[PDB]
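Single chain ahead, by itself, as structure tokens, in the form deposited in one PDB entry.
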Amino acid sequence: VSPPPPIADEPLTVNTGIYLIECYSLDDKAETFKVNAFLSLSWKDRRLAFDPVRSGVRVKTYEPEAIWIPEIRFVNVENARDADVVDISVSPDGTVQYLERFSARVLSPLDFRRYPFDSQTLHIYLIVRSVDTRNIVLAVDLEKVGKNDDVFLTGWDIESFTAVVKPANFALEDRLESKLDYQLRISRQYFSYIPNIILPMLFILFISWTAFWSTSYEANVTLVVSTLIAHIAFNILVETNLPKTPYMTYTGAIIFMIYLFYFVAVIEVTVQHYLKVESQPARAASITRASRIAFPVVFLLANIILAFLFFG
């Protein structure tokens, strides 16, 4: 119920450690994700060291109350974690052992500049206040950090789960503080995004382009306009995707380029028909023959330039 007293001036060190169990429900628009894991703490307290020979036992057990557990809080959580203690043990020399299970929802920003092929890093922070006149510092136990082989996040791949051993210390509300950082690195599985999204747009665009090999005005108008309507519907079907961003991403630029191409195609069809009506078939034929080759080459060049810009 009382913090240990310092011998001369030394602070107290607490050894932490987090062991993941499962990550799920990674919301894109809300920029949150849920998690449940094991939390382990250990600290040394000489005031409760007992006699092993006299008592005949090596390690004594206890109960969650009536003993000094340091407070540990999470910075970026919407609500306090739901907790239940699993074990408390005391070593002969005084060091304490602890274990608990918790579940919480974390807040972390995301970067969507390369949304189909992006990589993200999620941060978890642990913080402890300088209680009483004893300074409290945090340490990382490298043997108590890990994850289960059954930890699966849908559509994501897990690369590493480490902790920055060196903490960050500063003064907040006229009191010293220490903050620990846990980093989880993930990479998106982009294979499914190709056949379900990318290729149908190309097919519809080529269907639009196929109108340069024709002369009838009504057929060309029907083709181009119905293809544009189909593109709008596909954009509606795709909109279940990244939220509004302060920057320009890859997919947004591609979609805008597609809209521009549709507008230019409509302009070309109108120009060709207007020239044909004015009894100048040669100019219309030259224009359509030029456009036949001009359109795909410009599309490929613009796509290459965009890929250079966003990945170079």
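From 1 onward, residues are counted along the sequence shown. C-alpha atoms forming the largest set that superposes within 1.5 Å between two forms make up the rigid core.
- For residue 55, the fraction of other compared entries lacking coordinates, among those that model flanking residues, reaches at least a third.
Absent from the display: the form deposited in another entry. The rest refers to it.
- Core superposition between the shown form and the other one leaves every listed residue (210, 235, 226, 148) with a C-alpha shift below 2 angstroms except 148.
- Core-superposed comparison between the shown form and the other one: the Cα of residue 160 travels 2 Å or more.
- The Cα position of residue 250 differs by less than 2 Å between the shown form and the other one after fitting on the rigid core.
- Superposition of the core reveals a Cα shift of 2 Å or more for residue 171 between the shown form and the other one.
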